[PDB]
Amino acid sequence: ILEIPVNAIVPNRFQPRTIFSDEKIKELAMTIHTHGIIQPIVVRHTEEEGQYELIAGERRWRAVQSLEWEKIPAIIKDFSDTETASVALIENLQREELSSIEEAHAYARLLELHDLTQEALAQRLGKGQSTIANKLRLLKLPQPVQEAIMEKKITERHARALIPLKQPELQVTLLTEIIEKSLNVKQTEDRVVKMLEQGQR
């Protein structure tokens, strides 16, 4: 038995997220408030270190979330015969892909250090000179926008669509609107066009 952070636990990832009745949870939380915690939750380790995935006791975990405890008693499971092999597969599938700005910084360094042409770099990476150029352009964008690219909140084309505005204040404005209204790039491109007619008036 181990006490683990309530924030570290996530529901069973293969199953759909369960939705419990507030009354049934309150009814369970009142059973914990009276008699205490009686059965610890069962979890395992995720790909990340500080993070656990719930196997059993999702109901009890939710009860202690509402009771606002920082810690929850838990039983860790150390499975290998299948788990470790499958975790290797799922990780080999969900390979961590570098963001536009990450690549842009990588391209910038490679061009500075080894005095390469964009053509030369594009050749090596099996890409078009224009693809390299349009990534490097993103480096001129405001740091808030660059973070949104990294945090994968927006796509490359989203950030590219902001470049024409040229004014950092106008860009960070739309960035928040893109996220809040979940705008696609086609919408984002139009939203820019319309703001460059408000620049005329």
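Residues carry their position along the shown sequence, with the first being 1.
Practice prompt. Would you tell me which stretch averages the higher CA B-factor in the PDB entry, 155 to 163 or 33 to 41?
Written response: Stretch with the higher mean C-alpha B-factor: 33 to 41.
Worksheet entry | Of 70 to 78 and 111 to 119, the one with larger mean CA B-factor | Per the deposited B-factors, the answer is 70 to 78.
Practice prompt. Grab the CA temperature factor for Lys186 from the record and place it in the lowest, middle or highest third of its chain.
Written response: Tercile = lowest for this residue's CA B-factor.
Practice prompt. Please rank the C-alpha B-factors of the chain's modelled residues and tell me whether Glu91 sits in the lowest, middle or highest third.
Written response: Its C-alpha B-factor belongs to the middle third of this chain's values.
Practice prompt. Would you mind checking where the Cα B-factor of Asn134 ranks among the modelled residues of its chain, as the lowest, middle or highest third?
Written response: For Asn134, the deposited C-alpha B-factor lands in the lowest third.
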